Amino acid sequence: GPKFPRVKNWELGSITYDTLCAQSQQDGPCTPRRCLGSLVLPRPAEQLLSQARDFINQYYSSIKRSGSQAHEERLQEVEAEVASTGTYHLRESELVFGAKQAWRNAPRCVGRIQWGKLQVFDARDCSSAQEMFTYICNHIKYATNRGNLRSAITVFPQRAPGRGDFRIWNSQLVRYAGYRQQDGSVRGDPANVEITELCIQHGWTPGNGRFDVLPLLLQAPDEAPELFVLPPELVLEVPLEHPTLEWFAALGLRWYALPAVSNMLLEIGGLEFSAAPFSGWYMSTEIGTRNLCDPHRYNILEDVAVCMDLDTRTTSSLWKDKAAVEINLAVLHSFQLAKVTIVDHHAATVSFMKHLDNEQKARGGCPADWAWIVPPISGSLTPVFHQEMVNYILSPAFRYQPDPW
């Protein structure tokens, strides 16, 4: 057969080959000796120019002007700029393409069917932390759009030689506080203890609830971060209830509408955008299973199961399985009622199978991380479970980056 990974779908019996992987220039963590595919983190002039060149070619290819005068002129322009400044700058429509291409390239995102329909806010003029705040507020208002959510990303200035970075300290634009107690436990979200304690250290007067929205710690170059409270009206939340278990509302659970990742680095043609928050809309298991039920997050599974009156003293009653299902139903139902966009794991994964089909035709494959694409309840009930996937790093890219503290 072809000298390319063969990829099989075990439900349908169908076969493809991934030719796209040939274009990866960046090693992941696996070797022939051992697979490290389940780990979460995978821890200069000539280097830059070759990455810049690569990207500019991708751009010209995407507008069908590869080999052209305009193309060879853009390349010259970029070697000359690097020649005398050590860096270069992207045209506007280049950044729009890079950003969409980084999303499209993200192996862990199941929402990629929407990749072409992404609003890109250029914020590369931003010169202060106050100005970040405004740009961020504007993003939240656009993206939230009173519950009818819209994909977006706001791109702050790139890293620059010698000068410090623009950074958002928060991992999301909207996260709930985590308060370490005298008895060792935690009130709120245990995932957020450190950022909470940093916000206090920097002068935030802390609340004491389970669902206190955190302030933003925003940092402009070579400056201490500054603290900004989001105005409550901008932060859409949804109270949780259940369609038939009338008591479920009594639990006082709630989640926010807008999932916005704010500590990832966006890399395009070697340029590094250290602050570039993006947002989409939730898939229901992000909230109902991971956020609410992880042992190390809100961990509410026993609580709900006791209210449902299940036998929590024995694994084989499947009490965890039942309660998680009903928590997920409540998330779905409560967002529908409140007219806030959300997608269930069945719909989401169907749409991702379609994306895979599209990309197979458009590019000869799709980098995908199986363990993240498959949801954390009802795995094999979704079609992605039965699809082999090939995982690799393409550029443009979103990458993790070390916390700034």
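Take the two forms, superpose them, and find the largest set of C-alpha atoms that agree within 1.5 Å; that set is the rigid core. Don't overthink the numbering: it's just position in the shown sequence, from 1.
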{"query": "Larger mean CA deviation from the shown form in 9 other deposited structures of this protein [core fit; 146 to 154 vs 72 to 80]", "finding": "72 to 80"}
{"query": "Higher-deviation stretch (C-alpha RMS, rigid core fit) in 9 other deposited structures of this protein, choosing from 159 to 167 and 240 to 248", "finding": "159 to 167"}
{"query": "Residues of the deposited sequence left unbuilt between residue 44 and residue 43", "finding": "10 or more"}
{"query": "Greater mean Cα temperature factor according to the PDB record, 190 to 198 or 72 to 80", "finding": "72 to 80"}
{"query": "Mean temperature factor over C-alpha atoms, higher-scoring stretch between 96 to 104 and 177 to 185", "finding": "177 to 185"}
{"query": "Member of 358, 50, 349, 380 with the greatest C-alpha B factor (per the PDB record)", "finding": "50"}
{"query": "Peak C-alpha temperature factor (PDB record), options 290, 146, 320, 150", "finding": "146"}
{"query": "Residue 316 by Cα B-factor - lowest, middle or highest third of the modelled chain", "finding": "middle"}
{"query": "Relative C-alpha B-factor of residue 373, binned into the chain's lowest, middle or highest third", "finding": "lowest"}
{"query": "Third assignment of residue 242 from its chain's C-alpha B-factors", "finding": "middle"}
{"query": "Residue 295 - Cα temperature factor, lowest/middle/highest third of chain", "finding": "middle"}
{"query": "Cα B factor band for residue 211 (lowest, middle or highest third within the chain)", "finding": "middle"}
